[PDB]
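Protein chains in written order, with the deposited numbering: chain A, 32 to 131, 193 to 298, 326 to 359, 361 to 395, 397 to 404, 412 to 505; chain C, 32 to 131, 193 to 298, 326 to 359, 361 to 395, 397 to 404, 412 to 505; chain B, 32 to 131, 193 to 298, 326 to 359, 361 to 395, 397 to 404, 412 to 505; chain Z, 522 to 548, 563 to 664; chain Y, 522 to 548, 563 to 664; chain X, 522 to 548, 563 to 664.
Accompanying notes for the structure given below.
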Amino acid sequence: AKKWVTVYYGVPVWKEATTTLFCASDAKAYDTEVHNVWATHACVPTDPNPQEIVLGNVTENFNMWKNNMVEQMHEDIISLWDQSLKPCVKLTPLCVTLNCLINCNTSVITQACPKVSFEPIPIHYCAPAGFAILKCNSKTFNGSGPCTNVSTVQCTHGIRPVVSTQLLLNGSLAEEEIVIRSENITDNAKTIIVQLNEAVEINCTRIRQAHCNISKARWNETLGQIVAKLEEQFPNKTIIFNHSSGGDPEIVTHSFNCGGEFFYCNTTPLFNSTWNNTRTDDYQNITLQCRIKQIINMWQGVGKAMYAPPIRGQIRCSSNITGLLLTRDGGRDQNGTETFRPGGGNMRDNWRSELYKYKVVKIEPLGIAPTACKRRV
Amino acid sequence: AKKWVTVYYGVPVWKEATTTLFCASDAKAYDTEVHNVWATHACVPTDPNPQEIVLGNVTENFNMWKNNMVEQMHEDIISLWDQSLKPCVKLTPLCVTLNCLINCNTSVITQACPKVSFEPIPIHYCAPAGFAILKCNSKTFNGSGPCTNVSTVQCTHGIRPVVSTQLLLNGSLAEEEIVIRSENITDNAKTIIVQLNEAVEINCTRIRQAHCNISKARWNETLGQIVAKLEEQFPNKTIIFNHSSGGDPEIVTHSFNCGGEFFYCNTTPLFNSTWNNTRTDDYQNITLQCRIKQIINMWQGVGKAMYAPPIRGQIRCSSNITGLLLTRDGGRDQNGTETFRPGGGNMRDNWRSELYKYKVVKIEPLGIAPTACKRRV
Amino acid sequence: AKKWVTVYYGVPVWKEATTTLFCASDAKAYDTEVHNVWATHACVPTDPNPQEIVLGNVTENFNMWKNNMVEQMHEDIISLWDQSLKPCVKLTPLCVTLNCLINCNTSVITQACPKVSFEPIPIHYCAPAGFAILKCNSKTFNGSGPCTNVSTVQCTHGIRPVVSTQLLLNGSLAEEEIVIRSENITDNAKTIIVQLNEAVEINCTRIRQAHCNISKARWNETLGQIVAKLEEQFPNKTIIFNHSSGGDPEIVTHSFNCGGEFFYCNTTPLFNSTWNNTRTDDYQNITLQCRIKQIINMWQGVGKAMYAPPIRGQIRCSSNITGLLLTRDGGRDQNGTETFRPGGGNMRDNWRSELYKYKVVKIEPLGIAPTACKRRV
Amino acid sequence: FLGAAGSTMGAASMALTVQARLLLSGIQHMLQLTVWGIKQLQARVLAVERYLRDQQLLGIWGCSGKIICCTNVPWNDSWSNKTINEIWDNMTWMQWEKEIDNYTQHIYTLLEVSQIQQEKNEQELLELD
Amino acid sequence: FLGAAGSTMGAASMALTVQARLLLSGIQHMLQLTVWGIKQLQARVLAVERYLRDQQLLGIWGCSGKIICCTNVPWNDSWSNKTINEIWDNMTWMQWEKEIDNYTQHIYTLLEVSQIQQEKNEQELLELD
Amino acid sequence: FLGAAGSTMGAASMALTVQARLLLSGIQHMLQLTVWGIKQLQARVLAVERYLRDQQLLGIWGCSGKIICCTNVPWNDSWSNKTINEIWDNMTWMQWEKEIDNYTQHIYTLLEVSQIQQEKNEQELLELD
């Protein structure tokens, strides 16, 4: 016949937006916790009854390394820390614009230091009226690959902003098997993330000395499973671990926070074992030395920070280990080997392991199509 | 000429739905009253500015034995009692499905029974968004007959869900005369509701002995009016009153719930005396002997419910009388006599005494009609 | 060619209405203040965030002395005064309809007199859903003359219901200079309002005696500026001031209240100085004698009233003067002079100097106009 | 709003014109009122939604965008068999609706088929012009 | 939503087209925020209801569901006696509305009679075909 | 809301009529939870507002007050080079939208010009009648 353009309505279509999402936490508003205080000041209770729509045969290209949600939660967490742990001295630099001796002098800051309790609280992220959030359901997700079993929602699950390096503390587990994620293997430039499917207990207890214990009977099996999954990418070579290569104290050794104390712990007696298809580790309680600090290197920029003296004593911490961060060492001098050292420190990297599913979308109804009819004039 | 079809939009229409309503009773939320506690827990503050509107020369068929709005208040008060008057043990049997000696074993439940106050408060039912209720204003209404003055509303009038038999507690009175209502007369099987336009007072006080007061000087007037009105229906008959014919202790003898006490008062010396066109009683303060009890056949299903025993004393109950349930005795041997005995037993009948004026209505706007129009084509 | 009528939609047009308005004040709900209690019982919390759209070069005619908003506040304050300071004996005239010495008698009632505090609170007026409020921003406004820089609002600014005479108490200051408002000068009938730019201080403190103190070093300059503003209208004649000319004890002298303390303060040593281009007043403290009262004349009608005995002692008041109401005297015998005296008393006038910059409107969208298009038929 | 219940069809139609002309001619408190506000707003929002949905759905019959519509379907003589004047001067809307209840199902299919008929005829007419 | 007052008729009318083209081309917390939210919602609901009611009520004159309509009633020179250029180059909406407020009511009666006559003529042609 | 993504164009077009027929046939609280009711009502009100505004603004191309219009712009072959059945039975809506995303700016201007021409011709004829 004869094709003629026409304008339709009500077509389903999606896009990508850059709106602002609000927090949502089941706060308490009665205790001294700074997280509770922040949640009470700016957050609202959770949805009494969530509603999830299970969409059908759709296929959308998910990408996690280029998401935009993280760039907002990472700026919200930093604001959160400005209400719990104020610094006695906040020493940061600032330069003066001069083409080139560029002016650069240290600036001093100080306020009150009242000791307060500190414990993370779950937080929910929701989208405003006019947008939706797609979430995937595939058991693997391939990293940054398309998946099919998608669903639509308005809010995320519970998220704990726990901060740490070289080891992922309390957090959600995998579906059925430990998985490895990386932006681009074979470039020895991007951090490798690993997610487990069964947490491993850790218990730290202690004036300037403390110990940490981890169940070896489970840790050996965890390493065995991780290595077994890992050989697939590099079958011929031999995988060997090794302690940190040096740098700032906040990255050479495990560092975390507990009860207003900044714990630093060496982690050498965990990566000295060269691994093969068989066992070469040993053959109870794995002791782990730790010493608290008062002059630390900030993670929100550059500059040292000092806090008030430590508490009297009797501080305990019990936590679960679910994820892991590992780096790689490549080169042409490699001779049938592959050394994997522990790394991390980029908080964005630590937080991408929790928002790698959700994607924020907007709906577009309009549409143009060629039809077989003709207008009456 | 020639007839054609056409469609009009917006035509009012009456229909029947099966929606659900929400309790809204004046609450206090600060006192220890159980009704106020129930209202504050699951109810809403009453409507501040309800509106009643008058239709035109409308004529519909309000019904009383086919309304469903009673089945909601029944199951709401039943839930309220299970949370308000917590028994020490609420015994309720439960059988087993066996064809036939069928299996039927006793069932028991556990619950704490601390002494609690109980003073009934009205509840204002209201239909959800999208529907309405309708009520007439005829002073007689004939029962299930079409009225002529109709009004549309959302929330009913204050109703006390008090339970009792052979005598109604506080309740609305008639407008001009004492009225008599029934569903299908001439079968001596459907209870006759007699509504009074004057309140007969009563005061009963007192530990298994108590005394109730009846002022014959004020009861005689109401009795005479009721008997005179009854004479119209069966003038050829001679009206004779008597006492109950036997049955459950909660029906044959008057019962009430006052101050956590299950009063059973024997009102035989008020309905045995015969009546005629002239008085034949005597010629003041008739003493109604009463005995406190702890035995009740749960009106909300066959079972038992025994609470903690009574308080030491000092119990008063001052009540009004504005309604009554009376059935008539029929038979082939009726030789110019009309036996009138006390009635009651199904609290559904009492709940039909306050809901017969309201019917749930929905609206459908579309309509068709014939006309001489001819759409161009 | 050939014009034809055509109807448009959405055209911007305004009008005036006579709708109602609800109080909007920031109450407390805990204090004993009667104003706070009344606001909590009937008022709403203040708006959390206002918005103002600045319109273009549009023009409007704001008439001030014929506005309808004043009566609403005047008849709303009367109720508030009827719930805070109750009189012990309320005496009012009462007549009977008789054409003529008509039947006229005095009816007296009583009420409880529990001593209670009293402090004026700011109040906001807001329009209901469907109407809008305009506002001018010119620095002079000429009184009842059109402005050019108008903008829309939704709730008026803070207002204080403080009631006094001959000296307007705490109130908003002018923009740049004192401004004079007068409905129609040269008729010696309408009260003349004057608004200042620099608030003046006053301190009045006290069994039946009290003293008031003022700051001369600022009052002299204020009076000089006021006379300089006045001289423009009257360049030829000579300005003069004088004490009140008599009447009721509530108009010949200043009168106000402090927490159940009704002060009738004389103000003769402030308006005696004859004035010309130069000063002739003096050359640190001006003292004003004050005597409390217990039998007063109501301001919301006709009739005397009585109150409870005065408080023990230690009564103080610090106040800011912002405006000034004056009367005037004409006459054919005037020999080139202008005498100005204190005024006030009509609460309508006392509130016409605070709502001169507001007006209510509703939008009428329909419009017609001629064009060159024609229909097909 | 189309008509006050009780009046006859003719009277209601006559009063509707005058009402429309006149209308378009330009001539205590407590904290717990919050819940009732929502309970009220919900009904209004639902009614607006339903009205708009029905107005848009009327596009199948060709009357979309209008309320007073008549189709080109001849009125058969096996449905009512009554004069127009009597119906339009008595037997208010409820009775008239209850009268034609039995057969009203088929008229919907007739209307749909006639609308499709006119639509197709329009498409064939498109070919010539 | 046709513009903002204070601007000439022609300028606002023209800017409306550009705005529509551009839009269509696709190019501190406290417990007392509950009340003002309901207040805001009520105004929007009322505005929607009024808009719908007026849009439906414009059906008498055959301009149903149209912001801009056309009529066939000649413009008598005894009303304003002005040229179509000066009307749209100056005299922002309010001034023009003020100028022609005396004859407004008569116009509605004239339009109603014209519409009824047009409908009757169309029905006569219908009887013809 | 017209359909669920993934389904082909023709299937959704066919099913929408049945959906309309069905829709026309009519066949643990935290006192801070009150905020969520407003959060839902605001979304619903905004949806209705946007629907009305878009429907009103769709009138430039002469397709106002409808959900499926037609225009008078011939369909070239350099845009898709595709036939009816393949488009209307395959190529889910998102894929088709992506396919012709380059020319999605010229067609708007072409359609607007065609509408202007049609309106001018119709007014020229109106001058005749």
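Beta carbons: idealized from backbone N, C-alpha and C, even for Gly.
Status (buried if at least 16 other CB within 10 Å, exposed otherwise) for residue i
| i | result |
| --- | --- |
| B/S243 | exposed |
| C/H216 | buried |
| X/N637 | exposed |
| C/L349 | buried |
| A/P81 | exposed |
| Z/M535 | exposed |
| A/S56 | buried |
| A/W395 | buried |
| Z/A526 | buried |
Proximal residues to residue i (C-beta, below 8 angstroms), its chain only, five neighbours per side dropped
| i | result |
| --- | --- |
| Y/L661 | none |
Check whether residue i and residue j have beta carbons under 8 angstroms apart
| i | j | result |
| --- | --- | --- |
| X/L576 | A/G222 | no |
| B/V44 | Y/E659 | no |
| Y/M530 | Y/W628 | yes |
| residue 17 of chain A | A/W427 | With chain A represented from 32 up to 505, any question about residue 17 of chain A goes unanswered, as that position is not in the structure. |
| A/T401 | A/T387 | no |
| A/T283 | A/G472 | yes |
| B/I251 | B/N67 | no |
| Y/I619 | B/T37 | no |
| X/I573 | X/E647 | no |
| A/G458 | A/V286 | no |
First through last residue of the alpha helix (DSSP H) which encompasses residue i
| i | result |
| --- | --- |
| Y/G572 | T569 to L592 |
| Y/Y643 | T639 to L663 |
| C/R337 | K335 to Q352 |
| X/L545 | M530 to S546 |
| B/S115 | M100 to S115 |
| B/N67 | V65 to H72 |
| C/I326 | Run containing C/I326: none; DSSP gives neither H nor E here. |
| X/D624 | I619 to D624 |
| A/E370 | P369 to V372 |
C-alpha gap between residue i and residue j, whole angstroms
| i | j | result |
| --- | --- | --- |
| B/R504 | X/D664 | 6 angstroms |
| C/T63 | B/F93 | 58 angstroms |
| C/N355 | C/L86 | 42 angstroms |
| C/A266 | C/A291 | 10 angstroms |
| C/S375 | X/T569 | 44 angstroms |
| C/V120 | C/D113 | 11 angstroms |
Near the ligand FMN: residue i beta-carbon under 7 angstroms from a heavy atom
| i | result |
| --- | --- |
| X/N656 | Annotation note on the ligand FMN: not contained in the displayed structure, which lists no ligands. |
Contact set for residue i: own chain, Cβ-Cβ below 6 angstroms, skip 5 residues either direction
| i | result |
| --- | --- |
| A/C445 | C296 and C378 |
| Z/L645 | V608 |
| C/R273 | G235 and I285 |
Limits of the beta strand (DSSP E) - the one that residue i falls within
| i | result |
| --- | --- |
| Y/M629 | Unbroken run through Y/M629 is the alpha helix (DSSP H), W628 to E634; no beta strand (DSSP E). |
Contacts around residue i, its chain only, beta-carbon distance under 7 angstroms, and the 5 residues preceding and following it disregarded
| i | result |
| --- | --- |
| B/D477 | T283 and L453 |
| C/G366 | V372 |
| A/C218 | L52, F53, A55, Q246 and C247 |
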